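Colleague: Pasting an experimental structure, sequence included:
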Amino acid sequence: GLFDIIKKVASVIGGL
Amino acid sequence: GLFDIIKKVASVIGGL
Amino acid sequence: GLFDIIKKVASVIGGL
Amino acid sequence: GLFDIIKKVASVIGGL
Amino acid sequence: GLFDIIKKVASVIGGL
Amino acid sequence: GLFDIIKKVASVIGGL
Amino acid sequence: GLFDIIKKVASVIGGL
Amino acid sequence: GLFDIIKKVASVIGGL
Amino acid sequence: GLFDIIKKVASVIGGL
């Protein structure tokens, strides 16, 4: 039982 | 039992 | 039981 | 009477 | 009577 | 009568 | 004789 | 004779 | 003879 919401985000990823 | 919200965010990731 | 909210944020990650 | 010029721009909007 | 020029700009908006 | 010029700028907005 | 490798990069250019 | 490696990078360029 | 490595970096350039 978990709730997760990722919303209205923008990113410039130099890593990963 | 957990609630997580990540909202209206932006980033320039040099690490990772 | 936990609530987490990350909201209206920006960062320039030099470490990680 | 007004002049407006938005030129050579790029952005990563976390808000709005 | 006004003149506005926004030129050669970039941003990572965490607010708004 | 006003002149405004915003030129060659960058920012990482934590407030707003 | 030179070696050049540009790898896994992303950018938001306000200039140029 | 030179070796150059630009790796896992990101930037928000206000100048240039 | 030279070796150069620019790695896991981020920046917000206000000058240049």
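Modeller: Here it is on my side, so go on. Residues are numbered from 1 along each chain as shown, chains lettered A, B, ... in the order given.

Colleague: burial measure for the residue of chain A found nearest chain D, as a count.
Modeller: Going by C-beta to the nearest C-beta, chain D is nearest to residue A:10 of chain A, at 4.9 Å. Backbone N, C-alpha and C define where each C-beta goes, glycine included. The number of residues packed near residue A:10 is 17, by other C-beta atoms under 10 Å in any protein chain shown.

Colleague: and if you look at residue A:1?
Modeller: 6.

Colleague: Check residue A:12 too.
Modeller: Residue A:12, neighbours per other C-beta under 10 Å, totals 21.

Colleague: How about residue A:14?
Modeller: Neighbour tally, residue A:14, other C-beta under 10 Å: 27.

Colleague: tell me the contacts of the spatially most central residue of chain A?
Modeller: Geometric centre of chain A, nearest residue: residue A:6, 5.3 Å, by C-alpha atoms, centre = their mean. Residue A:6 sits next to B:6, B:7 when contact means C-beta atoms under 8 Å, 6 or more residues apart in numbering or on different chains.

Colleague: What residues are bridge-paired with it?
Modeller: Counting by DSSP bridges, residue A:6 is bridged to residue B:6.

Colleague: Quick check: the gap between the residue of chain A closest to chain D and residue B:1.
Modeller: From residue A:10 across to residue B:1, the span is 30 Å (C-beta to C-beta, to the nearest Å).

Colleague: before we move on, the earlier item: hmm, the residue of chain A closest to chain D is touching residue D:14, no?
Modeller: Yes - with contact defined as C-beta atoms under 8 Å, residue A:10 counts as touching residue D:14 (6.2 Å).
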